[PDB]
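Trainee: One file is attached below, run_6.cif, containing mmCIF, N, CA and C atoms and all ligand atoms.
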```
data_target
#
loop_
_atom_site.label_atom_id
_atom_site.label_comp_id
_atom_site.auth_asym_id
_atom_site.auth_seq_id
_atom_site.Cartn_x
_atom_site.Cartn_y
_atom_site.Cartn_z
N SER U 7 114.52 103.56 121.35
CA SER U 7 115.75 104.00 120.64
C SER U 7 116.22 102.89 119.70
N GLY U 8 117.18 103.21 118.84
CA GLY U 8 117.84 102.27 117.92
C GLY U 8 118.20 102.97 116.62
N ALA U 9 119.20 102.44 115.92
CA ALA U 9 119.72 103.01 114.67
C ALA U 9 120.14 101.89 113.72
N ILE U 10 120.22 102.24 112.44
CA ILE U 10 120.80 101.39 111.37
C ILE U 10 122.18 101.93 111.01
N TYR U 11 123.15 101.02 110.92
CA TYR U 11 124.57 101.32 110.60
C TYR U 11 124.95 100.59 109.31
N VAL U 12 125.07 101.34 108.22
CA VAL U 12 125.46 100.82 106.88
C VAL U 12 126.50 101.78 106.30
N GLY U 13 127.63 101.23 105.83
CA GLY U 13 128.77 102.03 105.36
C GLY U 13 129.13 103.11 106.37
N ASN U 14 129.28 104.35 105.91
CA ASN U 14 129.60 105.49 106.81
C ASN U 14 128.32 106.26 107.14
N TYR U 15 127.20 105.57 107.34
CA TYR U 15 125.90 106.18 107.66
C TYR U 15 125.34 105.54 108.92
N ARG U 16 124.70 106.40 109.71
CA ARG U 16 123.83 106.05 110.84
C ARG U 16 122.45 106.61 110.51
N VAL U 17 121.46 105.73 110.49
CA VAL U 17 120.04 106.09 110.23
C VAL U 17 119.31 106.00 111.55
N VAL U 18 118.63 107.08 111.91
CA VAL U 18 117.93 107.24 113.21
C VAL U 18 116.57 107.89 112.96
N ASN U 19 115.66 107.70 113.89
CA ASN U 19 114.43 108.54 113.92
C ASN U 19 114.86 110.00 114.01
N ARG U 20 114.30 110.85 113.15
CA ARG U 20 114.67 112.29 113.15
C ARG U 20 114.40 112.87 114.54
N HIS U 21 113.28 112.52 115.17
CA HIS U 21 112.91 113.09 116.50
C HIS U 21 113.84 112.63 117.62
N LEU U 22 114.63 111.57 117.42
CA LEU U 22 115.59 111.08 118.43
C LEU U 22 117.02 111.47 118.06
N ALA U 23 117.25 112.17 116.93
CA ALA U 23 118.62 112.52 116.51
C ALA U 23 119.33 113.31 117.62
N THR U 24 120.61 113.06 117.84
CA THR U 24 121.40 113.79 118.86
C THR U 24 122.01 115.05 118.22
N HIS U 25 122.67 115.87 119.03
CA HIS U 25 123.45 117.05 118.56
C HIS U 25 124.55 116.59 117.59
N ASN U 26 125.19 115.45 117.85
CA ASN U 26 126.25 114.92 116.95
C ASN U 26 125.62 114.50 115.62
N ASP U 27 124.45 113.85 115.66
CA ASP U 27 123.70 113.51 114.41
C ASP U 27 123.49 114.78 113.59
N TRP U 28 123.06 115.88 114.20
CA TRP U 28 122.78 117.12 113.44
C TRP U 28 124.10 117.77 113.02
N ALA U 29 125.15 117.62 113.82
CA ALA U 29 126.48 118.20 113.50
C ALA U 29 127.09 117.44 112.30
N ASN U 30 126.72 116.17 112.11
CA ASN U 30 127.27 115.31 111.02
C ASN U 30 126.14 114.95 110.05
N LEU U 31 125.18 115.87 109.86
CA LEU U 31 123.98 115.65 109.01
C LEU U 31 124.41 115.29 107.58
N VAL U 32 123.86 114.21 107.04
CA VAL U 32 123.95 113.87 105.59
C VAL U 32 122.61 114.23 104.93
N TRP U 33 121.50 113.82 105.53
CA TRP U 33 120.15 113.95 104.93
C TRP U 33 119.10 113.82 106.03
N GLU U 34 118.04 114.61 105.96
CA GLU U 34 116.90 114.48 106.89
C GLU U 34 115.62 114.79 106.12
N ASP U 35 114.55 114.13 106.53
CA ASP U 35 113.20 114.40 105.98
C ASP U 35 112.22 114.38 107.15
N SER U 36 111.71 115.55 107.53
CA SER U 36 110.77 115.71 108.67
C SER U 36 109.51 114.88 108.40
N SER U 37 109.02 114.93 107.16
CA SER U 37 107.79 114.21 106.74
C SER U 37 107.97 112.69 106.86
N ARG U 38 109.20 112.16 106.88
CA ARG U 38 109.49 110.71 107.00
C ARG U 38 109.95 110.34 108.42
N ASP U 39 110.22 111.33 109.28
CA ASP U 39 110.83 111.05 110.61
C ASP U 39 112.16 110.31 110.45
N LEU U 40 112.97 110.65 109.44
CA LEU U 40 114.30 110.03 109.26
C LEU U 40 115.37 111.11 109.25
N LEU U 41 116.52 110.75 109.81
CA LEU U 41 117.75 111.55 109.71
C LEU U 41 118.90 110.57 109.54
N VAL U 42 119.81 110.88 108.64
CA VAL U 42 121.06 110.11 108.41
C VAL U 42 122.22 111.04 108.75
N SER U 43 123.12 110.56 109.60
CA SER U 43 124.39 111.24 109.93
C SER U 43 125.59 110.41 109.47
N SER U 44 126.75 111.04 109.34
CA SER U 44 128.01 110.39 108.94
C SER U 44 128.69 109.77 110.16
N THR U 45 129.37 108.64 109.96
CA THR U 45 130.07 107.89 111.02
C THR U 45 131.53 107.74 110.59
N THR U 46 132.44 107.69 111.56
CA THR U 46 133.88 107.41 111.33
C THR U 46 134.05 105.89 111.14
N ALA U 47 133.41 105.08 111.98
CA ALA U 47 133.47 103.59 111.90
C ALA U 47 132.56 103.09 110.76
N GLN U 48 133.02 102.07 110.03
CA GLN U 48 132.27 101.40 108.94
C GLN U 48 131.11 100.59 109.54
N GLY U 49 129.89 100.80 109.06
CA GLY U 49 128.71 99.99 109.42
C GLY U 49 128.58 98.73 108.57
N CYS U 50 127.94 97.69 109.11
CA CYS U 50 127.86 96.34 108.48
C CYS U 50 126.42 95.85 108.28
N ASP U 51 125.40 96.66 108.55
CA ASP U 51 123.98 96.29 108.28
C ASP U 51 123.78 96.23 106.76
N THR U 52 122.87 95.37 106.31
CA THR U 52 122.40 95.24 104.91
C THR U 52 121.01 95.88 104.80
N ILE U 53 120.80 96.82 103.88
CA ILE U 53 119.47 97.38 103.57
C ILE U 53 118.80 96.44 102.58
N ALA U 54 117.58 96.05 102.90
CA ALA U 54 116.69 95.29 102.00
C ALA U 54 116.43 96.10 100.72
N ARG U 55 116.53 95.46 99.55
CA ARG U 55 116.08 96.07 98.27
C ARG U 55 115.03 95.14 97.67
N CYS U 56 113.76 95.43 97.91
CA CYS U 56 112.66 94.46 97.74
C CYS U 56 111.33 95.15 97.97
N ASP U 57 110.21 94.48 97.70
CA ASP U 57 108.89 94.99 98.14
C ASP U 57 108.20 93.90 98.97
N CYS U 58 108.95 93.21 99.83
CA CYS U 58 108.34 92.39 100.91
C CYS U 58 107.32 93.19 101.73
N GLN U 59 106.28 92.47 102.15
CA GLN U 59 105.22 93.01 103.02
C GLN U 59 105.14 92.12 104.25
N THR U 60 106.14 91.30 104.49
CA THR U 60 106.27 90.57 105.78
C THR U 60 107.70 90.72 106.30
N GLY U 61 107.83 90.66 107.61
CA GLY U 61 109.12 90.72 108.29
C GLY U 61 108.95 90.61 109.77
N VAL U 62 110.01 90.94 110.48
CA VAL U 62 110.10 90.80 111.96
C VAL U 62 110.63 92.13 112.48
N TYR U 63 110.03 92.64 113.55
CA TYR U 63 110.50 93.89 114.19
C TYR U 63 110.80 93.64 115.66
N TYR U 64 111.80 94.37 116.16
CA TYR U 64 112.15 94.33 117.59
C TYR U 64 111.28 95.36 118.33
N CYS U 65 110.64 94.91 119.41
CA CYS U 65 109.73 95.71 120.27
C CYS U 65 110.37 95.82 121.67
N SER U 66 111.03 96.94 121.98
CA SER U 66 111.78 97.10 123.26
C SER U 66 110.82 97.05 124.46
N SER U 67 109.60 97.55 124.33
CA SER U 67 108.60 97.52 125.43
C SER U 67 108.08 96.10 125.71
N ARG U 68 108.48 95.09 124.94
CA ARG U 68 108.15 93.66 125.18
C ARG U 68 109.41 92.81 125.24
N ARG U 69 110.59 93.39 125.02
CA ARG U 69 111.84 92.64 124.81
C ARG U 69 111.56 91.43 123.90
N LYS U 70 110.84 91.64 122.79
CA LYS U 70 110.43 90.55 121.87
C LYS U 70 110.55 91.03 120.43
N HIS U 71 110.77 90.08 119.54
CA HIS U 71 110.63 90.27 118.08
C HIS U 71 109.28 89.71 117.68
N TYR U 72 108.58 90.38 116.78
CA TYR U 72 107.25 89.93 116.34
C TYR U 72 107.24 89.87 114.83
N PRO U 73 106.75 88.76 114.26
CA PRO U 73 106.52 88.68 112.82
C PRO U 73 105.23 89.44 112.47
N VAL U 74 105.30 90.27 111.43
CA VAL U 74 104.15 91.09 110.99
C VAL U 74 104.03 91.11 109.47
N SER U 75 102.78 91.33 109.05
CA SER U 75 102.40 91.82 107.71
C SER U 75 102.28 93.34 107.78
N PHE U 76 102.83 94.06 106.81
CA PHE U 76 102.77 95.53 106.78
C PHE U 76 102.37 96.05 105.40
N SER U 77 101.70 97.20 105.39
CA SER U 77 101.33 97.90 104.15
C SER U 77 102.58 98.46 103.47
N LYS U 78 102.51 98.65 102.16
CA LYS U 78 103.61 99.28 101.39
C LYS U 78 103.75 100.74 101.81
N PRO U 79 104.97 101.32 101.73
CA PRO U 79 105.21 102.69 102.16
C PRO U 79 104.19 103.61 101.50
N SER U 80 103.55 104.46 102.29
CA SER U 80 102.51 105.40 101.81
C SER U 80 102.42 106.61 102.74
N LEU U 81 101.61 107.59 102.32
CA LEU U 81 101.37 108.86 103.04
C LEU U 81 100.13 108.61 103.91
N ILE U 82 100.35 108.64 105.21
CA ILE U 82 99.39 108.23 106.26
C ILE U 82 99.30 109.39 107.24
N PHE U 83 98.08 109.80 107.57
CA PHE U 83 97.83 110.87 108.56
C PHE U 83 98.22 110.32 109.94
N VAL U 84 99.14 111.00 110.62
CA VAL U 84 99.66 110.59 111.95
C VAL U 84 99.25 111.65 112.98
N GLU U 85 98.59 111.21 114.06
CA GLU U 85 98.13 112.09 115.17
C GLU U 85 99.33 112.82 115.77
N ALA U 86 99.09 114.02 116.29
CA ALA U 86 100.07 114.82 117.07
C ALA U 86 100.72 113.92 118.12
N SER U 87 102.02 114.10 118.35
CA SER U 87 102.76 113.57 119.52
C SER U 87 103.49 114.74 120.19
N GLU U 88 104.40 114.46 121.12
CA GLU U 88 105.26 115.49 121.77
C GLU U 88 106.38 115.95 120.81
N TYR U 89 106.54 115.32 119.64
CA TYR U 89 107.67 115.56 118.70
C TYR U 89 107.21 116.25 117.41
N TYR U 90 105.97 116.00 116.97
CA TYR U 90 105.37 116.58 115.74
C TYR U 90 103.94 117.01 116.01
N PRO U 91 103.42 118.02 115.28
CA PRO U 91 101.97 118.24 115.21
C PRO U 91 101.35 117.12 114.36
N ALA U 92 100.02 117.02 114.32
CA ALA U 92 99.31 116.07 113.43
C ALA U 92 99.66 116.45 111.98
N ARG U 93 99.89 115.46 111.12
CA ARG U 93 100.34 115.70 109.72
C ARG U 93 100.40 114.37 108.98
N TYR U 94 100.66 114.43 107.68
CA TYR U 94 100.96 113.23 106.86
C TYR U 94 102.44 112.88 107.01
N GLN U 95 102.72 111.69 107.56
CA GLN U 95 104.05 111.08 107.46
C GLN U 95 104.10 110.34 106.13
N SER U 96 105.16 110.53 105.38
CA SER U 96 105.39 109.84 104.09
C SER U 96 106.24 108.59 104.29
N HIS U 97 106.18 107.68 103.31
CA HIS U 97 107.01 106.45 103.25
C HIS U 97 106.82 105.63 104.54
N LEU U 98 105.61 105.66 105.10
CA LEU U 98 105.25 104.95 106.35
C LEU U 98 104.55 103.63 106.02
N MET U 99 104.86 102.58 106.80
CA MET U 99 104.34 101.20 106.61
C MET U 99 103.63 100.80 107.89
N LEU U 100 102.37 100.34 107.82
CA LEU U 100 101.64 100.00 109.08
C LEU U 100 101.53 98.49 109.21
N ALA U 101 101.55 98.02 110.44
CA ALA U 101 101.28 96.62 110.81
C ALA U 101 100.41 96.63 112.07
N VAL U 102 99.70 95.55 112.31
CA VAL U 102 98.96 95.34 113.57
C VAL U 102 99.97 94.79 114.59
N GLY U 103 100.19 95.54 115.67
CA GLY U 103 101.23 95.12 116.61
C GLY U 103 101.33 96.12 117.72
N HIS U 104 102.09 95.75 118.74
CA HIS U 104 102.35 96.62 119.91
C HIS U 104 103.51 97.58 119.64
N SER U 105 103.32 98.82 120.05
CA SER U 105 104.29 99.91 119.89
C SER U 105 104.03 100.96 120.97
N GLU U 106 105.10 101.46 121.57
CA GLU U 106 105.07 102.60 122.52
C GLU U 106 106.12 103.58 122.04
N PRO U 107 106.05 104.88 122.43
CA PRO U 107 107.00 105.86 121.92
C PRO U 107 108.47 105.41 121.95
N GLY U 108 108.92 104.86 123.07
CA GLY U 108 110.29 104.37 123.29
C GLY U 108 110.64 103.21 122.39
N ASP U 109 109.66 102.57 121.73
CA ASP U 109 109.98 101.51 120.74
C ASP U 109 110.53 102.08 119.43
N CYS U 110 110.48 103.38 119.22
CA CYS U 110 111.10 104.02 118.02
C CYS U 110 112.57 103.62 117.92
N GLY U 111 112.99 103.23 116.71
CA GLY U 111 114.37 102.84 116.39
C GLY U 111 114.51 101.33 116.33
N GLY U 112 113.51 100.60 116.81
CA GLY U 112 113.46 99.16 116.60
C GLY U 112 113.49 98.86 115.11
N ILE U 113 114.26 97.85 114.71
CA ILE U 113 114.42 97.54 113.26
C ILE U 113 113.38 96.51 112.82
N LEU U 114 112.82 96.77 111.64
CA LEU U 114 111.97 95.83 110.89
C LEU U 114 112.89 95.21 109.84
N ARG U 115 112.91 93.87 109.79
CA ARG U 115 113.80 93.07 108.90
C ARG U 115 112.98 92.03 108.13
N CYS U 116 113.36 91.79 106.88
CA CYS U 116 112.85 90.66 106.05
C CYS U 116 114.06 89.79 105.70
N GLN U 117 113.87 88.76 104.85
CA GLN U 117 115.00 87.90 104.40
C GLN U 117 116.07 88.71 103.67
N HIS U 118 115.74 89.86 103.08
CA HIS U 118 116.71 90.67 102.29
C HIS U 118 117.53 91.63 103.17
N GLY U 119 117.11 91.88 104.41
CA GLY U 119 117.83 92.81 105.29
C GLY U 119 116.92 93.83 105.97
N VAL U 120 117.44 95.01 106.26
CA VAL U 120 116.70 96.05 107.02
C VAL U 120 115.65 96.68 106.11
N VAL U 121 114.39 96.69 106.54
CA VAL U 121 113.26 97.32 105.80
C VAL U 121 113.09 98.75 106.32
N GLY U 122 113.11 98.93 107.64
CA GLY U 122 112.84 100.25 108.21
C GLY U 122 112.92 100.26 109.72
N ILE U 123 112.42 101.32 110.33
CA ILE U 123 112.55 101.50 111.79
C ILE U 123 111.20 101.94 112.32
N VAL U 124 110.90 101.46 113.51
CA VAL U 124 109.70 101.88 114.27
C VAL U 124 109.72 103.42 114.40
N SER U 125 108.61 104.05 114.00
CA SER U 125 108.49 105.53 113.99
C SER U 125 107.20 106.05 114.64
N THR U 126 106.10 105.31 114.51
CA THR U 126 104.75 105.76 114.94
C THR U 126 104.00 104.61 115.59
N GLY U 127 102.90 104.92 116.27
CA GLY U 127 101.98 103.89 116.79
C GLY U 127 100.76 104.51 117.42
N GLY U 128 99.77 103.68 117.69
CA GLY U 128 98.48 104.07 118.29
C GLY U 128 97.40 103.08 117.90
N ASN U 129 96.49 102.79 118.83
CA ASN U 129 95.30 101.94 118.59
C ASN U 129 95.73 100.57 118.03
N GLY U 130 96.75 99.93 118.62
CA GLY U 130 97.14 98.57 118.20
C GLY U 130 97.87 98.46 116.85
N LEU U 131 98.41 99.57 116.35
CA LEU U 131 99.13 99.62 115.05
C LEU U 131 100.55 100.14 115.30
N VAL U 132 101.52 99.60 114.55
CA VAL U 132 102.93 100.03 114.64
C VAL U 132 103.26 100.55 113.24
N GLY U 133 103.81 101.76 113.17
CA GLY U 133 104.25 102.38 111.92
C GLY U 133 105.76 102.33 111.81
N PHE U 134 106.25 101.96 110.63
CA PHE U 134 107.70 101.85 110.35
C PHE U 134 108.08 102.81 109.22
N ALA U 135 109.13 103.59 109.40
CA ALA U 135 109.69 104.48 108.37
C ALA U 135 110.53 103.62 107.44
N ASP U 136 110.10 103.48 106.19
CA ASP U 136 110.81 102.68 105.16
C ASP U 136 112.17 103.31 104.89
N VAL U 137 113.21 102.50 104.64
CA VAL U 137 114.53 102.99 104.16
C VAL U 137 114.90 102.30 102.84
N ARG U 138 114.08 101.37 102.32
CA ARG U 138 114.50 100.52 101.17
C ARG U 138 114.69 101.37 99.93
N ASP U 139 114.02 102.51 99.84
CA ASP U 139 114.10 103.41 98.66
C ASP U 139 115.39 104.23 98.71
N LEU U 140 116.13 104.27 99.83
CA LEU U 140 117.32 105.18 99.94
C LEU U 140 118.54 104.42 99.40
N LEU U 141 118.66 104.35 98.08
CA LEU U 141 119.66 103.46 97.44
C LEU U 141 121.07 103.96 97.74
N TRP U 142 121.23 105.27 97.94
CA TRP U 142 122.54 105.91 98.20
C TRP U 142 123.13 105.43 99.53
N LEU U 143 122.35 104.82 100.42
CA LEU U 143 122.89 104.30 101.72
C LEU U 143 124.00 103.29 101.47
N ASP U 144 123.99 102.65 100.28
CA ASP U 144 124.83 101.49 99.88
C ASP U 144 126.07 101.87 99.07
N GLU U 145 126.39 103.15 98.87
CA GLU U 145 127.69 103.58 98.28
C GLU U 145 128.21 104.84 99.00
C1 LIG V 201 105.93 107.02 118.10
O1 LIG V 201 105.36 106.85 119.42
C2 LIG V 201 104.16 107.37 119.62
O2 LIG V 201 103.91 108.55 119.52
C3 LIG V 201 103.15 106.35 120.02
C4 LIG V 201 102.01 106.76 120.70
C5 LIG V 201 101.12 105.78 121.12
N1 LIG V 201 101.28 104.48 120.89
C6 LIG V 201 102.37 104.10 120.22
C7 LIG V 201 103.34 104.97 119.77
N2 LIG V 201 104.46 104.47 119.12
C1 LIG V 202 118.07 92.16 116.48
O1 LIG V 202 118.58 91.02 115.75
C2 LIG V 202 118.04 90.80 114.55
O2 LIG V 202 116.87 90.56 114.38
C3 LIG V 202 119.04 90.89 113.45
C4 LIG V 202 120.17 91.69 113.58
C5 LIG V 202 121.07 91.74 112.53
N1 LIG V 202 120.93 91.05 111.39
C6 LIG V 202 119.84 90.28 111.26
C7 LIG V 202 118.86 90.17 112.25
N2 LIG V 202 117.76 89.38 112.01
ZN ZN V 203 112.55 91.73 101.50
#
```
Translate the structure described by the file into structure tokens.
Mentor:
Amino acid sequence: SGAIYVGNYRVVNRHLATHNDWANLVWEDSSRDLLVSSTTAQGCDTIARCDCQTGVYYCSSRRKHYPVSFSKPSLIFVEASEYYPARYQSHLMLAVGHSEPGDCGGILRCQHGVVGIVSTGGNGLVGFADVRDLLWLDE
């Protein structure tokens, strides 16, 4: 689990969104595994605006942060899980690293701020849903 809090937005994995997230829906993209809901409290996270390919992600199944190199956001074929059939996830970034389903929502960060959130994994790879392109998160 985990979310990003910026302005009056909460960014979560679409597959982990709650009933309140869907009741306060701002934007969702199934192909990206992202959902943004509205919040009453002001968020204070900074979204990275950059094309860094290095950063640090929180891994709840290790209680550790790991520095990684990751690919630029792209359309990557993702195997079926309990949440989606097999399909292309868009705006996905891969790194070599440990990931388990419950690690979804872990934040990937660079020097500029939040890059994205843990969304996918398998065979020693961790996939992160990019948020850096969502410029509207910042007004
Ligand atoms: C998104 O979680 C998964 O489906 C997953 C499966 C297997 N290994 C890592 C994972 N993250
Ligand atoms: C989980 O802690 C972090 O890595 C972090 C949180 C908030 N701002 C910057 C950070 N590096
Ligand atoms: Zn950056």
Trainee: So that each row is one residue of chain U with an atom at most 12 Å from ligand LIG 201 (chain V), can you give its shortest atom pair and the distance in Å to one decimal, using only C-alpha atoms and all ligand atoms, rows by chain and rising number, as CSV?
Mentor:
```
residue,atom,partner,partner_atom,distance
U:7,CA,V:LIG201,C1,10.6
U:19,CA,V:LIG201,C1,9.6
U:20,CA,V:LIG201,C1,11.3
U:21,CA,V:LIG201,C1,9.4
U:22,CA,V:LIG201,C1,10.5
U:39,CA,V:LIG201,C1,9.8
U:65,CA,V:LIG201,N2,10.3
U:66,CA,V:LIG201,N2,11.2
U:67,CA,V:LIG201,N2,10.3
U:84,CA,V:LIG201,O2,8.9
U:85,CA,V:LIG201,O2,8.1
U:86,CA,V:LIG201,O2,7.7
U:87,CA,V:LIG201,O2,5.2
U:88,CA,V:LIG201,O2,7.4
U:89,CA,V:LIG201,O2,8.0
U:90,CA,V:LIG201,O2,9.0
U:91,CA,V:LIG201,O2,10.8
U:92,CA,V:LIG201,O2,10.7
U:95,CA,V:LIG201,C1,11.5
U:98,CA,V:LIG201,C1,12.0
U:100,CA,V:LIG201,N2,11.3
U:101,CA,V:LIG201,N2,11.9
U:102,CA,V:LIG201,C6,11.5
U:103,CA,V:LIG201,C6,9.7
U:104,CA,V:LIG201,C6,7.5
U:105,CA,V:LIG201,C6,4.6
U:106,CA,V:LIG201,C6,3.9
U:107,CA,V:LIG201,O1,3.1
U:108,CA,V:LIG201,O1,6.7
U:109,CA,V:LIG201,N2,6.5
U:110,CA,V:LIG201,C1,6.0
U:111,CA,V:LIG201,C1,9.6
U:112,CA,V:LIG201,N2,10.7
U:123,CA,V:LIG201,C1,10.7
U:124,CA,V:LIG201,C1,7.4
U:125,CA,V:LIG201,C1,5.1
U:126,CA,V:LIG201,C1,3.6
U:127,CA,V:LIG201,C7,3.4
U:128,CA,V:LIG201,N1,3.8
U:129,CA,V:LIG201,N1,6.9
U:130,CA,V:LIG201,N1,7.7
U:131,CA,V:LIG201,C6,7.6
U:132,CA,V:LIG201,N2,6.5
U:133,CA,V:LIG201,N2,7.5
U:134,CA,V:LIG201,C1,9.5
U:135,CA,V:LIG201,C1,10.7
```
Trainee: What gap, in Å, lies between atom N of residue 31 (chain U) and atom N of residue 45 (chain U)?
Mentor: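 Separation of atom N of residue 31 (chain U) and atom N of residue 45 (chain U): 8.4 Å.
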Trainee: Given only N, CA and C atoms and all ligand atoms, how would the per-residue table for chain U near ligand LIG 202 (chain V) read, listing every residue at most 7 Å away with its closest atom pair and distance in Å to one decimal, sorted by chain and number, as CSV?
Mentor:
```
residue,atom,partner,partner_atom,distance
U:51,CA,V:LIG202,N1,6.8
U:52,N,V:LIG202,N1,6.9
U:62,C,V:LIG202,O2,6.7
U:63,C,V:LIG202,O2,6.9
U:64,CA,V:LIG202,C1,6.4
U:115,CA,V:LIG202,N2,6.2
U:119,CA,V:LIG202,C6,6.8
```
Trainee: For the contact check between chain U and ligand ZN 203 (chain V), emit one row per residue of chain U within 8 Å, containing the shortest atom pair and the distance in Å rounded to one decimal, counting only N, CA and C atoms and all ligand atoms, chain then rising number order, as JSON lines.
Mentor:
```
{"residue": "U:53", "atom": "C", "partner": "V:ZN203", "partner_atom": "ZN", "distance": 7.9}
{"residue": "U:54", "atom": "CA", "partner": "V:ZN203", "partner_atom": "ZN", "distance": 5.5}
{"residue": "U:55", "atom": "C", "partner": "V:ZN203", "partner_atom": "ZN", "distance": 5.7}
{"residue": "U:56", "atom": "CA", "partner": "V:ZN203", "partner_atom": "ZN", "distance": 4.6}
{"residue": "U:57", "atom": "N", "partner": "V:ZN203", "partner_atom": "ZN", "distance": 5.2}
{"residue": "U:58", "atom": "N", "partner": "V:ZN203", "partner_atom": "ZN", "distance": 4.2}
{"residue": "U:59", "atom": "N", "partner": "V:ZN203", "partner_atom": "ZN", "distance": 6.3}
{"residue": "U:60", "atom": "C", "partner": "V:ZN203", "partner_atom": "ZN", "distance": 6.9}
{"residue": "U:61", "atom": "CA", "partner": "V:ZN203", "partner_atom": "ZN", "distance": 7.7}
{"residue": "U:115", "atom": "C", "partner": "V:ZN203", "partner_atom": "ZN", "distance": 6.7}
{"residue": "U:116", "atom": "CA", "partner": "V:ZN203", "partner_atom": "ZN", "distance": 4.7}
{"residue": "U:117", "atom": "N", "partner": "V:ZN203", "partner_atom": "ZN", "distance": 4.7}
{"residue": "U:118", "atom": "N", "partner": "V:ZN203", "partner_atom": "ZN", "distance": 4.0}
{"residue": "U:119", "atom": "N", "partner": "V:ZN203", "partner_atom": "ZN", "distance": 5.4}
{"residue": "U:120", "atom": "C", "partner": "V:ZN203", "partner_atom": "ZN", "distance": 7.4}
{"residue": "U:121", "atom": "CA", "partner": "V:ZN203", "partner_atom": "ZN", "distance": 7.1}
```
Trainee: Nearest to residue 113 (chain U): which of U:29, U:23, U:137, U:81 is it, counting only C-alpha atoms?
Mentor: U:137
Trainee: Quick one: distance from CA of residue 18 (chain U) to CA of residue 41 (chain U) in Å, one decimal?
Mentor: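 Distance reported for this atom pair: 5.6 Å.
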Trainee: When you draw a straight line from CA of residue 40 (chain U) to atom C of residue 16 (chain U), how long is it in Å?
Mentor: 8.9 Å
Trainee: Per DSSP on the backbone, what are the strand (DSSP E or B) residues of chain U, as a VMD selection string?
Mentor: chain U and resid 9 to 19 31 to 35 40 to 50 53 60 to 65 70 to 76 80 to 84 93 to 102 113 to 116 119 to 128 131 to 136
Trainee: Select from chain U everything DSSP, run on the backbone, classes as helix (DSSP H, G or I), then give the selection as a list in words.
Mentor: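 Those residues are residues 20, 21, 22, 25, 26, 27, 28, 29, 36, 37, 38, 66, 67, 68, 107, 108, 109, 141, 142, 143 and 144 of chain U.
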Trainee: Can you pull out the residues contacting residue 47 (chain U)? Cut-off 8 Å, using only N, CA and C atoms, and skip same-chain residues under 3 positions away; I want them as a count of residues only.
Mentor: 6
Trainee: Taking into account only C-alpha atoms, which residue in the set U:17, U:74, U:9, U:99 is nearest to residue 33 (chain U)?
Mentor: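 Of U:17, U:74, U:9, U:99, the one nearest residue 33 (chain U), counting only C-alpha atoms, is U:17.
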Trainee: Given the choices U:38, U:25, U:68, U:97, which gets closest to residue 80 (chain U) if the distance is worked out from only C-alpha atoms?
Mentor: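 With only C-alpha atoms as the atom set, the closest residue is U:97.
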